[PDB]
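Only one chain comes next, encoded as structure tokens, the form deposited in one PDB entry.
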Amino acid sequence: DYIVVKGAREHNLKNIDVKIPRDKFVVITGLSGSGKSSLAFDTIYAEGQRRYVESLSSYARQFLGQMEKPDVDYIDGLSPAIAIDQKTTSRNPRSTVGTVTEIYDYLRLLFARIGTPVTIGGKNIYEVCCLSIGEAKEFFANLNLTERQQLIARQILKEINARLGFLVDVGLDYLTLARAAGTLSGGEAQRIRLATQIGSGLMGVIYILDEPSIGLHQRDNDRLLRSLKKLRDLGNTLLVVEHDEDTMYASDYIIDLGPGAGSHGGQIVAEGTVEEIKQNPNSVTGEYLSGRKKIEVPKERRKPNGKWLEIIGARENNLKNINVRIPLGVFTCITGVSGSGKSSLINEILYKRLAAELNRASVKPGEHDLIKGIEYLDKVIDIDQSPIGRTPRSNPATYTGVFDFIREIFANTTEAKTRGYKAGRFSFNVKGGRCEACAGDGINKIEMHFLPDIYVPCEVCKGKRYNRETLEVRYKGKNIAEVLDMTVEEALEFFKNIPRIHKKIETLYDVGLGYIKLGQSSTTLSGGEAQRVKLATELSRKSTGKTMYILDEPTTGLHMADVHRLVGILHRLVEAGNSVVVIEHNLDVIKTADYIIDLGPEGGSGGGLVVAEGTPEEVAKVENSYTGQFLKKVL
């Protein structure tokens, strides 16, 4: 009736002991970097998978793969578990919806077993693969096959029906089975990934979902919550790590981590129901949910100064030749149901034309007639909706670009000048100044065949990634290993008189990563930490006073405090005289915008029109828009 964990010390967990109720809807909350993933996916799921795998033969074990042994003492009440990872999965161009959701395999099995020589219900394999999800489901629900075929193909038909029912329930009935998985939107790809693993329900199985609401509108999130509630009612346990308020409100139990991030978190601050979390002063999530701490809606919203960006004849993808006016110099939020065509408009027309017109880029934009009002802009800065790549040869210092300046100033010292060194000597990714016994890695990763990998630190350089010859040159009493060793606050104090480094380090501090180390590997970063690193990298660039910031969903992996900090940064940028355009599903970011352009009313072929246009108060007066309904509810 419980999953009891004792002595969990993985990553930054501070020897925490927790009890998780079984056959319930449990939600794990906390700040970005608290340790929710290290507790759910890296301890419980890892222990369950290892326990299941250890009972199999070596031949099967070397195919399935063994996870790393978690640093835990005793876990009880486990069971078979299915986990959905937080990180998004890229797709090859060949993979389609049917291939990804494992529907084509069942289709081939059915056609091979009860096929009529290649005719089940009066259709062939291509005629049934090239249909929308809703009509394919209604076709498969009206299959008049014989009794022998019914007995033979019971399981295949049941699996197909369950998968199609889930895909219809989430709201993806407009897609077909032949649509390429690599061209779907963020929310559609997230829902397809969810349906791949959770479409066919089981019994007595723990489901661990790490942020299952990427690029999902509130309406889509409600349908996903209904499906999750049905799956839990099927006799299962659900462990969902989320930052969404609706997910917490729709859960039986809440486990709150914190109280901070990195080395200041890894603990348990509060637990109980939603009201219990709200009443706990030590819980930051409860403080933000109870209204004690909140993002303040402006009393007066900025008005356009007469300069507008007019997009005429926008017909890219599913856009139905619409005209959109984006005011300049204010904060504008682009809203719509997942798949309605907000990314395909903004990121594929506005940014792709602004870059060519201003930054002298060579990227072909989408299908549009013309854009007017470009002359009121100087440069464009964009943040994509795609995640960042993770390599052990990467860290926040290299990603943001300050490591180049640090290496240059290290190579400009007196001793380095005497020895004839350059900036390439002070990097652990170039031969000449790095330890060759570890190739600048610092630690050695030994990979076994079927056993979990073992990490052993290097002994020649003691994990410093550099040899003594390169470590013999120091700047202000510190060598480059100590430079990579200090955190962002220490580096901010260290380089306070160097504007070039100080600007980017101050940006990193302002996005909320002062605790992080300059040399922490990208592979060991968190989702929110990587998102904020990308945000700081893009926002650390120089602003000319009349510049456009285009952000495509910068809320992913961010707690309420993090989005509050980002909102403050964006509002300061707006007050500086720049124009900020944000494609956002987060309603807290939306409620502070001075202008809203809403698209819909549906996704795919059912959307692409400007349902609403104006200030949030005016949009809330429109009953057609779901965004308007939610805005009216929360205003």
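Note that residue numbering begins at 1 and tracks the sequence as displayed. Rigid core here is just the name for the largest C-alpha set that superposes within 1.5 Å across the two forms.
Requested in this report: Look at the stretch from residue 477 to residue 478 and count the residues of the deposited sequence that the entry does not model, then pick none, 1 to 3, 4 to 9, or 10 or more.
Outcome: None; the chain is continuous from residue 477 to residue 478.
We do not show the form deposited in another entry, though everything after this point is about it.
Report task. Kindly check if the Cα atom of residue 222 is displaced 2 angstroms or more between the shown form and the other one relative to the superposed rigid core. Result -> Moves: no, less than 2 Å.
Requested in this report: Kindly check if the Cα atom of residue 165 is displaced 2 angstroms or more between the shown form and the other one relative to the superposed rigid core.
Outcome: For residue 165, whose C-alpha is compared between the shown form and the other one after core superposition, the shift is 2 Å or more.
Query raised in the report: Which is it in the other entry for the CA atoms of residue 156 and residue 81, closer or farther than here, knowing they shift by 3 Å or more?
Result: They are farther apart; the C-alpha distance rises by 3 Å or more in the other entry.
Query raised in the report: Your call: residue 244 and residue 162 CA atoms, closer or farther in the other entry versus the shown structure, by 3 Å or more?
Result: Between the C-alphas of residue 162 and residue 244, the gap widens in the other entry (3 Å or more compared with this form).
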